[PDB]
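Below is run-v1.csv, which holds CSV, C-alpha atoms.
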chain,number,residue,atom,x,y,z
A,1,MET,CA,82.9,82.3,56.0
A,2,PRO,CA,84.2,80.7,59.2
A,3,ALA,CA,84.5,76.9,59.3
A,4,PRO,CA,81.8,75.1,61.3
A,5,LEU,CA,82.6,74.4,65.0
A,6,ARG,CA,85.0,71.5,65.4
A,7,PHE,CA,86.4,69.9,68.6
A,8,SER,CA,90.2,69.6,68.7
A,9,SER,CA,90.0,66.5,70.9
A,10,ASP,CA,87.9,63.4,70.8
A,11,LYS,CA,87.0,63.9,74.5
A,12,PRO,CA,85.4,67.3,75.1
A,13,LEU,CA,84.0,67.5,78.7
A,14,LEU,CA,80.5,68.7,79.5
A,15,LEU,CA,80.6,70.9,82.6
A,16,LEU,CA,77.1,71.7,84.0
A,17,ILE,CA,77.1,74.5,86.6
A,18,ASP,CA,74.8,74.8,89.6
A,19,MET,CA,71.5,73.6,88.0
A,20,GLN,CA,69.9,73.3,91.4
A,21,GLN,CA,66.3,73.9,92.5
A,22,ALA,CA,67.2,77.0,94.6
A,23,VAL,CA,67.3,79.1,91.4
A,24,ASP,CA,63.6,78.5,90.7
A,25,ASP,CA,62.6,80.9,93.5
A,26,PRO,CA,60.4,83.6,91.8
A,27,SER,CA,62.0,86.1,94.3
A,28,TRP,CA,65.2,85.9,92.3
A,29,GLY,CA,63.4,87.9,89.7
A,30,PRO,CA,62.7,87.2,86.0
A,31,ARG,CA,64.9,84.9,84.2
A,32,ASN,CA,65.7,84.5,80.5
A,33,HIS,CA,65.9,81.4,78.3
A,34,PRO,CA,63.0,79.4,79.6
A,35,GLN,CA,64.1,76.3,77.7
A,36,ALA,CA,67.7,76.3,79.1
A,37,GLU,CA,67.0,73.1,81.1
A,38,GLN,CA,65.9,71.4,77.9
A,39,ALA,CA,69.0,72.5,76.1
A,40,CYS,CA,71.2,71.2,79.0
A,41,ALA,CA,69.2,67.9,79.1
A,42,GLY,CA,69.9,67.4,75.4
A,43,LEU,CA,73.6,68.0,75.9
A,44,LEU,CA,73.6,65.7,78.9
A,45,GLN,CA,71.8,62.9,77.0
A,46,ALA,CA,74.2,63.2,74.1
A,47,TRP,CA,77.3,63.1,76.3
A,48,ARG,CA,76.0,60.1,78.2
A,49,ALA,CA,75.0,58.2,75.1
A,50,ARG,CA,78.5,58.8,73.6
A,51,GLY,CA,80.3,57.9,76.9
A,52,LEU,CA,82.1,61.3,76.8
A,53,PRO,CA,83.5,63.0,79.9
A,54,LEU,CA,81.1,65.0,82.1
A,55,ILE,CA,81.2,66.7,85.5
A,56,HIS,CA,78.3,68.2,87.4
A,57,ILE,CA,79.2,71.3,89.5
A,58,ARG,CA,77.0,72.2,92.4
A,59,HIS,CA,77.0,74.8,95.0
A,60,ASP,CA,77.2,74.2,98.7
A,61,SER,CA,76.9,76.6,101.6
A,62,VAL,CA,77.5,76.4,105.3
A,63,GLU,CA,75.4,79.5,106.0
A,64,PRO,CA,72.5,78.4,108.3
A,65,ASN,CA,69.8,80.2,106.4
A,66,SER,CA,71.0,79.3,102.9
A,67,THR,CA,68.8,77.4,100.5
A,68,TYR,CA,72.1,75.7,99.5
A,69,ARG,CA,72.8,74.2,102.9
A,70,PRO,CA,72.7,70.4,103.2
A,71,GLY,CA,69.2,68.8,103.4
A,72,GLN,CA,67.4,71.9,102.0
A,73,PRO,CA,65.2,71.3,98.9
A,74,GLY,CA,66.9,74.1,97.0
A,75,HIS,CA,70.2,72.3,97.2
A,76,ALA,CA,69.0,69.3,95.1
A,77,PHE,CA,69.7,69.2,91.4
A,78,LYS,CA,66.9,70.1,89.0
A,79,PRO,CA,65.4,66.8,87.8
A,80,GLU,CA,66.1,67.6,84.1
A,81,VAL,CA,69.8,67.3,84.7
A,82,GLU,CA,70.0,65.1,87.8
A,83,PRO,CA,73.3,63.2,88.1
A,84,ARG,CA,73.3,59.4,87.6
A,85,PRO,CA,74.9,57.0,90.0
A,86,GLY,CA,78.7,56.9,89.4
A,87,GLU,CA,78.8,60.3,87.6
A,88,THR,CA,81.3,62.9,88.8
A,89,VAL,CA,79.8,65.6,91.0
A,90,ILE,CA,82.1,68.3,92.3
A,91,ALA,CA,80.9,70.7,95.0
A,92,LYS,CA,82.0,74.3,95.4
A,93,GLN,CA,81.6,77.0,98.0
A,94,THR,CA,82.4,80.1,95.9
A,95,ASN,CA,81.4,81.3,92.5
A,96,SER,CA,84.2,79.8,90.4
A,97,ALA,CA,84.2,76.0,90.0
A,98,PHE,CA,88.0,75.9,90.2
A,99,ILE,CA,88.5,77.5,93.7
A,100,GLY,CA,88.9,75.0,96.5
A,101,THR,CA,87.6,72.1,94.4
A,102,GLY,CA,90.6,70.4,92.7
A,103,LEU,CA,88.8,70.7,89.3
A,104,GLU,CA,91.9,72.0,87.4
A,105,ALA,CA,94.1,69.2,88.6
A,106,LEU,CA,91.5,66.6,87.8
A,107,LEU,CA,91.0,67.9,84.3
A,108,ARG,CA,94.8,68.1,83.6
A,109,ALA,CA,95.4,64.6,85.0
A,110,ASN,CA,92.9,63.2,82.5
A,111,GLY,CA,93.8,65.5,79.5
A,112,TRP,CA,90.4,67.1,79.6
A,113,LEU,CA,91.5,70.5,78.2
A,114,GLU,CA,88.4,71.2,76.1
A,115,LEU,CA,85.3,72.1,78.0
A,116,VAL,CA,81.6,72.6,77.0
A,117,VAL,CA,79.9,74.7,79.7
A,118,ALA,CA,76.3,75.5,80.6
A,119,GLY,CA,74.3,76.4,83.7
A,120,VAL,CA,73.2,79.1,85.9
A,121,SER,CA,73.7,82.1,86.3
A,122,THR,CA,75.3,83.3,83.1
A,123,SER,CA,76.7,86.4,84.8
A,124,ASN,CA,77.6,85.0,88.3
A,125,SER,CA,79.0,81.5,88.7
A,126,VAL,CA,79.0,80.6,85.0
A,127,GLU,CA,81.0,83.8,84.1
A,128,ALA,CA,83.3,83.3,87.1
A,129,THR,CA,84.1,79.8,86.1
A,130,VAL,CA,84.5,80.5,82.4
A,131,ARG,CA,86.8,83.6,83.0
A,132,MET,CA,89.1,81.4,85.1
A,133,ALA,CA,88.9,78.4,82.7
A,134,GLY,CA,89.9,80.5,79.7
A,135,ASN,CA,92.7,82.3,81.5
A,136,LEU,CA,94.0,78.9,82.9
A,137,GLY,CA,94.4,77.7,79.3
A,138,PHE,CA,91.3,75.6,78.7
A,139,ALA,CA,89.5,75.7,75.4
A,140,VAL,CA,85.9,76.6,76.4
A,141,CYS,CA,82.7,76.5,74.3
A,142,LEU,CA,79.9,78.2,76.3
A,143,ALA,CA,76.5,76.8,75.3
A,144,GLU,CA,74.7,80.0,75.8
A,145,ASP,CA,71.2,78.7,75.1
A,146,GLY,CA,71.7,76.3,78.1
A,147,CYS,CA,72.5,79.2,80.4
A,148,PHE,CA,70.3,81.7,82.1
A,149,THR,CA,70.4,84.6,84.5
A,150,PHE,CA,68.1,87.2,86.2
A,151,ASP,CA,67.1,90.8,86.0
A,152,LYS,CA,69.6,93.0,87.9
A,153,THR,CA,69.8,96.7,88.8
A,154,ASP,CA,73.0,98.2,87.4
A,155,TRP,CA,75.2,100.5,89.6
A,156,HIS,CA,73.5,103.6,88.2
A,157,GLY,CA,70.1,102.4,89.3
A,158,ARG,CA,68.8,101.1,86.0
A,159,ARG,CA,66.9,97.8,85.8
A,160,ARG,CA,68.5,95.5,83.2
A,161,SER,CA,66.4,92.6,82.1
A,162,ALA,CA,67.8,89.1,82.3
A,163,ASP,CA,68.2,89.1,78.6
A,164,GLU,CA,70.3,92.3,78.8
A,165,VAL,CA,72.4,90.9,81.7
A,166,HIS,CA,73.0,87.7,79.7
A,167,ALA,CA,73.9,89.6,76.5
A,168,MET,CA,76.4,91.8,78.3
A,169,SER,CA,78.1,88.9,80.0
A,170,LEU,CA,78.3,86.9,76.7
A,171,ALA,CA,79.9,90.0,75.0
A,172,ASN,CA,82.5,90.2,77.8
A,173,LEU,CA,83.2,86.5,77.5
A,174,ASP,CA,83.3,85.8,73.8
A,175,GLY,CA,86.7,85.8,72.2
A,176,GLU,CA,88.6,86.8,75.3
A,177,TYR,CA,87.7,83.8,77.5
A,178,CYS,CA,85.7,81.3,75.4
A,179,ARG,CA,83.8,80.7,72.2
A,180,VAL,CA,80.1,81.4,72.7
A,181,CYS,CA,77.9,79.1,70.8
A,182,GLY,CA,74.6,77.2,70.7
A,183,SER,CA,73.8,73.7,71.8
A,184,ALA,CA,72.7,72.7,68.3
A,185,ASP,CA,76.1,73.5,66.8
A,186,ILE,CA,77.8,71.7,69.7
A,187,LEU,CA,75.7,68.6,69.1
A,188,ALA,CA,76.5,68.7,65.3
A,189,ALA,CA,80.3,68.9,66.1
A,190,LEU,CA,80.0,65.7,68.1
A,191,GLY,CA,79.1,63.8,65.0
A,192,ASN,CA,82.4,64.9,63.5
A,193,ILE,CA,84.7,63.5,66.3
B,3,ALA,CA,78.4,102.4,107.5
B,4,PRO,CA,81.3,104.5,106.1
B,5,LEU,CA,84.4,102.6,104.9
B,6,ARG,CA,86.8,101.3,107.5
B,7,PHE,CA,89.8,99.1,106.7
B,8,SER,CA,90.0,96.0,108.8
B,9,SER,CA,93.8,95.9,108.6
B,10,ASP,CA,96.5,98.6,109.0
B,11,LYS,CA,98.2,97.6,105.8
B,12,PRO,CA,95.7,97.7,102.9
B,13,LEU,CA,97.5,97.0,99.6
B,14,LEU,CA,97.0,99.2,96.5
B,15,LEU,CA,96.8,97.1,93.3
B,16,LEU,CA,97.0,99.1,90.1
B,17,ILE,CA,96.0,97.2,87.0
B,18,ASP,CA,97.3,97.6,83.5
B,19,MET,CA,97.5,101.5,83.5
B,20,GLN,CA,99.6,101.4,80.3
B,21,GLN,CA,99.6,103.8,77.3
B,22,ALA,CA,98.1,101.0,75.2
B,23,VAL,CA,94.7,101.9,76.4
B,24,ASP,CA,94.8,105.3,74.9
B,25,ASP,CA,94.8,103.8,71.4
B,26,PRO,CA,91.6,104.9,69.6
B,27,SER,CA,91.2,101.3,68.4
B,28,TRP,CA,89.8,100.4,71.8
B,29,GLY,CA,86.8,102.7,71.1
B,30,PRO,CA,85.4,105.4,73.5
B,31,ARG,CA,86.0,105.3,77.2
B,32,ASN,CA,84.3,106.6,80.3
B,33,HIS,CA,85.8,108.2,83.5
B,34,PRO,CA,88.2,110.7,82.0
B,35,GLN,CA,89.6,111.5,85.5
B,36,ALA,CA,90.4,107.9,86.3
B,37,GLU,CA,94.1,108.5,85.9
B,38,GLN,CA,94.0,111.4,88.3
B,39,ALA,CA,92.0,109.3,90.8
B,40,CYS,CA,94.7,106.5,90.5
B,41,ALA,CA,97.5,109.1,90.9
B,42,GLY,CA,95.9,110.4,94.1
B,43,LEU,CA,95.7,106.9,95.5
B,44,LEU,CA,99.3,106.1,94.5
B,45,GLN,CA,100.6,109.3,96.0
B,46,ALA,CA,98.8,108.6,99.3
B,47,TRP,CA,100.1,105.1,99.4
B,48,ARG,CA,103.6,106.2,98.8
B,49,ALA,CA,103.4,109.1,101.3
B,50,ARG,CA,102.1,106.7,104.0
B,51,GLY,CA,104.6,103.9,103.2
B,52,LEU,CA,101.8,101.4,102.6
B,53,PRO,CA,102.0,98.2,100.5
B,54,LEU,CA,101.5,98.6,96.7
B,55,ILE,CA,101.8,96.5,93.6
B,56,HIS,CA,101.7,97.6,89.9
B,57,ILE,CA,100.2,95.0,87.6
B,58,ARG,CA,101.5,95.2,84.0
B,59,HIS,CA,100.1,93.4,81.0
B,60,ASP,CA,102.5,91.8,78.6
B,61,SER,CA,101.7,90.3,75.1
B,62,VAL,CA,103.8,88.2,72.7
B,63,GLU,CA,101.0,88.9,70.0
B,64,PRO,CA,102.6,91.0,67.1
B,65,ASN,CA,99.5,93.3,66.8
B,66,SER,CA,98.7,94.1,70.5
B,67,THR,CA,98.9,97.6,71.8
B,68,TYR,CA,100.5,96.0,74.9
B,69,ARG,CA,103.2,94.3,72.9
B,70,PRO,CA,106.5,94.8,74.9
B,71,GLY,CA,109.2,97.1,73.5
B,72,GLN,CA,106.9,99.8,71.9
B,73,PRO,CA,105.2,102.8,73.6
B,74,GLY,CA,101.8,101.3,74.3
B,75,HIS,CA,103.5,98.9,76.7
B,76,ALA,CA,104.9,101.7,79.0
B,77,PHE,CA,103.0,102.7,82.1
B,78,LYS,CA,101.0,106.0,81.9
B,79,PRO,CA,103.1,108.8,83.3
B,80,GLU,CA,100.4,109.5,86.0
B,81,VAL,CA,101.0,106.2,87.6
B,82,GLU,CA,104.6,105.3,86.5
B,83,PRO,CA,106.3,103.0,89.0
B,84,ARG,CA,109.3,104.2,90.9
B,85,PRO,CA,112.5,102.5,92.0
B,86,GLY,CA,112.1,99.6,94.3
B,87,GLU,CA,108.3,99.3,93.8
B,88,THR,CA,106.9,95.9,93.0
B,89,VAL,CA,105.8,95.3,89.4
B,90,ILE,CA,104.2,92.0,88.5
B,91,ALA,CA,103.8,91.2,84.8
B,92,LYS,CA,100.9,89.0,83.6
B,93,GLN,CA,99.9,87.5,80.2
B,94,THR,CA,96.2,86.8,80.8
B,95,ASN,CA,93.4,88.9,82.2
B,96,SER,CA,93.6,87.9,85.9
B,97,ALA,CA,96.6,89.2,87.8
B,98,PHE,CA,96.7,85.9,89.7
B,99,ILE,CA,97.2,83.5,86.9
B,100,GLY,CA,100.8,82.6,86.1
B,101,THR,CA,102.1,85.0,88.6
B,102,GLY,CA,103.2,84.7,92.1
B,103,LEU,CA,100.6,87.2,93.3
B,104,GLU,CA,98.5,85.1,95.6
B,105,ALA,CA,101.5,83.5,97.3
B,106,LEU,CA,103.2,86.9,97.8
B,107,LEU,CA,100.1,88.4,99.3
B,108,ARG,CA,99.5,85.6,101.7
B,109,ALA,CA,103.2,85.4,102.8
B,110,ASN,CA,103.0,89.0,103.9
B,111,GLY,CA,99.5,89.0,105.3
B,112,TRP,CA,98.2,91.4,102.6
B,113,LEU,CA,94.7,90.2,102.7
B,114,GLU,CA,92.9,93.5,102.2
B,115,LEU,CA,93.3,94.9,98.6
B,116,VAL,CA,92.3,98.3,97.1
B,117,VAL,CA,92.0,97.9,93.3
B,118,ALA,CA,91.9,100.3,90.4
B,119,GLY,CA,92.8,100.3,86.8
B,120,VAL,CA,91.7,99.3,83.3
B,121,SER,CA,89.4,97.9,82.0
B,122,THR,CA,86.6,97.7,84.6
B,123,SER,CA,84.9,94.8,82.7
B,124,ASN,CA,88.0,92.9,81.5
B,125,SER,CA,91.2,92.6,83.5
B,126,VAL,CA,89.9,94.5,86.5
B,127,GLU,CA,86.8,92.3,86.7
B,128,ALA,CA,88.8,89.1,86.1
B,129,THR,CA,91.2,90.0,88.9
B,130,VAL,CA,88.6,91.1,91.4
B,131,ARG,CA,86.3,88.1,90.8
B,132,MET,CA,89.3,85.8,91.6
B,133,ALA,CA,90.5,87.9,94.5
B,134,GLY,CA,87.1,87.8,96.2
B,135,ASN,CA,86.6,84.1,95.6
B,136,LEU,CA,90.2,83.4,96.9
B,137,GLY,CA,89.1,85.1,100.2
B,138,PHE,CA,90.7,88.6,99.9
B,139,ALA,CA,88.8,91.6,101.2
B,140,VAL,CA,88.6,93.8,98.1
B,141,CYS,CA,87.7,97.5,97.8
B,142,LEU,CA,87.2,98.5,94.2
B,143,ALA,CA,88.0,102.2,93.6
B,144,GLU,CA,85.5,102.6,90.8
B,145,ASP,CA,86.3,106.2,90.0
B,146,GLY,CA,89.9,105.0,89.4
B,147,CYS,CA,88.7,102.5,86.8
B,148,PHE,CA,87.5,102.9,83.3
B,149,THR,CA,86.3,100.7,80.4
B,150,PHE,CA,85.1,101.0,76.8
B,151,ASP,CA,81.9,100.9,74.7
B,152,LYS,CA,80.8,97.5,73.7
B,153,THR,CA,78.0,95.9,71.7
B,154,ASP,CA,76.1,93.3,73.7
B,155,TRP,CA,75.4,89.8,72.3
B,156,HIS,CA,72.0,90.9,71.1
B,157,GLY,CA,73.3,93.9,69.1
B,158,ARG,CA,72.6,96.7,71.5
B,159,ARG,CA,75.4,99.2,71.6
B,160,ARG,CA,76.3,99.9,75.3
B,161,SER,CA,78.3,102.9,76.3
B,162,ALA,CA,81.4,102.5,78.5
B,163,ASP,CA,79.3,104.0,81.3
B,164,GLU,CA,76.7,101.3,80.9
B,165,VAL,CA,79.3,98.6,80.7
B,166,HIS,CA,81.0,99.9,83.8
B,167,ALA,CA,77.7,100.1,85.7
B,168,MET,CA,76.8,96.5,84.8
B,169,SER,CA,80.3,95.2,85.9
B,170,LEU,CA,80.1,97.1,89.2
B,171,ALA,CA,76.7,95.7,90.0
B,172,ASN,CA,77.9,92.1,89.3
B,173,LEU,CA,81.0,92.7,91.4
B,174,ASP,CA,79.6,94.6,94.4
B,175,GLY,CA,78.7,92.4,97.4
B,176,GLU,CA,79.4,89.1,95.7
B,177,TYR,CA,83.1,89.8,95.1
B,178,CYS,CA,84.1,93.1,96.6
B,179,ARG,CA,83.0,96.4,98.1
B,180,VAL,CA,82.6,99.1,95.3
B,181,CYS,CA,83.6,102.5,96.6
B,182,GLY,CA,85.2,105.8,95.7
B,183,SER,CA,88.7,107.0,96.0
B,184,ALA,CA,87.7,109.8,98.3
B,185,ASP,CA,86.1,107.2,100.7
B,186,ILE,CA,89.3,105.2,100.6
B,187,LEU,CA,91.6,108.2,101.3
B,188,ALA,CA,89.4,109.2,104.3
B,189,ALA,CA,89.6,105.6,105.6
B,190,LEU,CA,93.4,105.7,105.5
B,191,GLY,CA,93.4,108.6,107.9
B,192,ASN,CA,91.4,106.5,110.5
B,193,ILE,CA,93.8,103.5,110.6
B,194,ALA,CA,96.1,105.0,113.2
B,195,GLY,CA,93.4,105.7,115.7
B,196,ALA,CA,92.0,102.2,115.4
B,197,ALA,CA,95.2,100.6,116.6
Could you write out this file's structure as structure tokens?
Amino acid sequence: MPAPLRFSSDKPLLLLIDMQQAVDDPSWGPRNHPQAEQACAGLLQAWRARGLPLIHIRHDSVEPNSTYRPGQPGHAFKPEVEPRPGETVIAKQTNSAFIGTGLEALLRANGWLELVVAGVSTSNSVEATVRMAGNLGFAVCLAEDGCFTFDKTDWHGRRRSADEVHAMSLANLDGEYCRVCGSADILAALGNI
Amino acid sequence: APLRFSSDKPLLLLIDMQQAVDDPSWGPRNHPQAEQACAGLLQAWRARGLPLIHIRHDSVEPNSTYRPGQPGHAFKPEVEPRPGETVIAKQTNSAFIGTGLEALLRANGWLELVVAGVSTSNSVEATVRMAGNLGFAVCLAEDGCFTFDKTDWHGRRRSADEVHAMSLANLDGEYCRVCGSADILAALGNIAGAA
């Protein structure tokens, strides 16, 4: 059998993506993983309690009707994963957390080459970020139970449920770009550091 | 509204159309005419003298169908480069990473890209997501793309068609405009009159 998950470094970095109140609009259709916030909160608490590196990514927009524009309620972090004073928050304007943000240079300057990723949506900004992270040479564990996405019509006109959308993105990501795993296994690997 | 190029120099970017992808190990594919659609685009680009780049995938992994110096590494004959044409080799999924692609495009003002190749959901999608987020105007010629069957993370066997359809839906609007090669070829004919 495969060996249990083990971190190669003593400083894996938790990267939480776009966990902002905007995504709670019921108009964005059904989501999967109703306890994703709780899974992310558990990772965040563990990282904080161990003094491990962590970065919150959040999405900004200049579009005047965007729920992500400054001052709008949707732009705020979800309270379950609200940053603390002094924690690193990096804002982005496109899907990938690397583009226009200086994230790669910051990670490399600090030796943070192993990433634990969670957030929303699995298939949009999470996937965009993870594909680039893997191809840039980062070792990525995607905590899939801390991720969620939404129902989406495919190009042939078939409604795919959020679960289906999630499952197809994970299948495209695993092996090729990252190791897909669960938060419980990640938390267990911390104890081995 | 029917497709219209914003520039007079859209660039054709053909991704990883190498004999490797014919290996039955990849599993079943969709879009059996993708090669012919790509050949039609390539011939039109050549005939019109428009910008074009072939992206080639290279591996140092001993088991890969794209391992250099064996037949799978060669371009498919339908879309084989010709002398003087730009070929950029990559070692990861995205055509931007570890190559000079972005800088080359920007130095020449090649901000509008027409993309086709293989696989829709792997290297094509990785390249297109980055292109769109980098600010390139991308038209994805979906009939010139193909992919393979894959089992989703919940055990459901998806056909190549279904995989393709899901990637196109994720790509369209957010990262690119999905369209057909016939659309694209018609739009080339309208450039001159828009000058």
*Which value, in Å to one decimal, gives the distance between atom CA of residue 6 of chain B and atom CA of residue 34 of chain B?*
27.2 Å
Contact check, chain B to chain A, at most 12 Å, counting all atoms listed in the file, closest pairs as a Markdown table:
| residue | atom | partner | partner_atom | distance |
| --- | --- | --- | --- | --- |
| B:92 | CA | A:135 | CA | 10.8 |
| B:93 | CA | A:135 | CA | 9.0 |
| B:94 | CA | A:135 | CA | 5.7 |
| B:95 | CA | A:135 | CA | 6.7 |
| B:96 | CA | A:135 | CA | 7.2 |
| B:97 | CA | A:135 | CA | 10.1 |
| B:98 | CA | A:135 | CA | 9.8 |
| B:99 | CA | A:136 | CA | 6.9 |
| B:100 | CA | A:136 | CA | 8.4 |
| B:101 | CA | A:136 | CA | 11.6 |
| B:121 | CA | A:172 | CA | 11.2 |
| B:122 | CA | A:172 | CA | 10.9 |
| B:123 | CA | A:172 | CA | 7.1 |
| B:124 | CA | A:172 | CA | 7.2 |
| B:125 | CA | A:131 | CA | 10.0 |
| B:126 | CA | A:131 | CA | 11.9 |
| B:127 | CA | A:131 | CA | 9.5 |
| B:128 | CA | A:131 | CA | 6.6 |
| B:129 | CA | A:132 | CA | 9.6 |
| B:130 | CA | A:128 | CA | 10.4 |
| B:131 | CA | A:128 | CA | 6.8 |
| B:132 | CA | A:132 | CA | 7.9 |
| B:133 | CA | A:99 | CA | 10.6 |
| B:134 | CA | A:94 | CA | 9.0 |
| B:135 | CA | A:94 | CA | 5.8 |
| B:136 | CA | A:99 | CA | 6.9 |
| B:137 | CA | A:94 | CA | 9.4 |
| B:144 | CA | A:155 | CA | 10.6 |
| B:149 | CA | A:172 | CA | 11.5 |
| B:150 | CA | A:172 | CA | 11.2 |
| B:151 | CA | A:171 | CA | 11.1 |
| B:152 | CA | A:171 | CA | 7.7 |
| B:153 | CA | A:171 | CA | 7.0 |
| B:154 | CA | A:168 | CA | 4.8 |
| B:155 | CA | A:167 | CA | 4.5 |
| B:156 | CA | A:167 | CA | 5.9 |
| B:157 | CA | A:167 | CA | 8.6 |
| B:158 | CA | A:167 | CA | 8.8 |
| B:159 | CA | A:168 | CA | 10.0 |
| B:160 | CA | A:168 | CA | 8.6 |
| B:161 | CA | A:168 | CA | 11.4 |
| B:162 | CA | A:168 | CA | 11.8 |
| B:163 | CA | A:156 | CA | 9.0 |
| B:164 | CA | A:154 | CA | 8.1 |
| B:165 | CA | A:168 | CA | 7.8 |
| B:166 | CA | A:155 | CA | 8.2 |
| B:167 | CA | A:155 | CA | 4.6 |
| B:168 | CA | A:154 | CA | 4.9 |
| B:169 | CA | A:154 | CA | 8.0 |
| B:170 | CA | A:155 | CA | 6.0 |
| B:171 | CA | A:155 | CA | 5.0 |
| B:172 | CA | A:124 | CA | 7.2 |
| B:173 | CA | A:124 | CA | 9.0 |
| B:174 | CA | A:155 | CA | 8.8 |
| B:175 | CA | A:155 | CA | 11.8 |
| B:176 | CA | A:124 | CA | 8.6 |
| B:177 | CA | A:95 | CA | 9.0 |
| B:180 | CA | A:155 | CA | 9.4 |
| B:181 | CA | A:155 | CA | 11.1 |
*To one decimal in Å, tell me the separation between atom CA of residue 178 of chain A and atom CA of residue 141 of chain A.*
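Atom-to-atom, atom CA of residue 178 of chain A and atom CA of residue 141 of chain A are spaced 5.8 Å apart.
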*By how many Å are atom CA of residue 48 of chain A and atom CA of residue 181 of chain A apart?*
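Going from atom CA of residue 48 of chain A over to atom CA of residue 181 of chain A covers 20.5 Å.
Minimum distance to residue 56 of chain B across B:91, B:116, B:178, B:3 (counting all atoms listed in the file) occurs at B:91.
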*Around (105.9, 99.8, 73.2) in the file's frame, which residues reach within 12 Å when counting all atoms listed in the file? Return as a ChimeraX atom specification?*
/B:20-23,25,59-62,64-78
Resulting file, chosen residues, C-alpha atoms, as a tab-separated table (two decimals), in the coordinates of the input:
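Final file, result13.tsv:
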chain	number	residue	atom	x	y	z
B	20	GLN	CA	99.60	101.40	80.30
B	21	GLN	CA	99.60	103.80	77.30
B	22	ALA	CA	98.10	101.00	75.20
B	23	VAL	CA	94.70	101.90	76.40
B	25	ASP	CA	94.80	103.80	71.40
B	59	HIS	CA	100.10	93.40	81.00
B	60	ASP	CA	102.50	91.80	78.60
B	61	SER	CA	101.70	90.30	75.10
B	62	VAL	CA	103.80	88.20	72.70
B	64	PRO	CA	102.60	91.00	67.10
B	65	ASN	CA	99.50	93.30	66.80
B	66	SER	CA	98.70	94.10	70.50
B	67	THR	CA	98.90	97.60	71.80
B	68	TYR	CA	100.50	96.00	74.90
B	69	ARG	CA	103.20	94.30	72.90
B	70	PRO	CA	106.50	94.80	74.90
B	71	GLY	CA	109.20	97.10	73.50
B	72	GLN	CA	106.90	99.80	71.90
B	73	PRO	CA	105.20	102.80	73.60
B	74	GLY	CA	101.80	101.30	74.30
B	75	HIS	CA	103.50	98.90	76.70
B	76	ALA	CA	104.90	101.70	79.00
B	77	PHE	CA	103.00	102.70	82.10
B	78	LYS	CA	101.00	106.00	81.90
*For segment 6-13 of chain A, please output as a list in words all residues within 10 Å (counting only C-alpha atoms; exclusion window: fewer than 6 positions along the same chain).*
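These residues fall inside the cut-off: residues 47, 50, 51, 52, 53, 54, 55, 107, 110, 111, 112, 113, 114, 115, 116, 117, 139, 140, 141, 185, 186, 188, 189, 190, 191, 192 and 193 of chain A.
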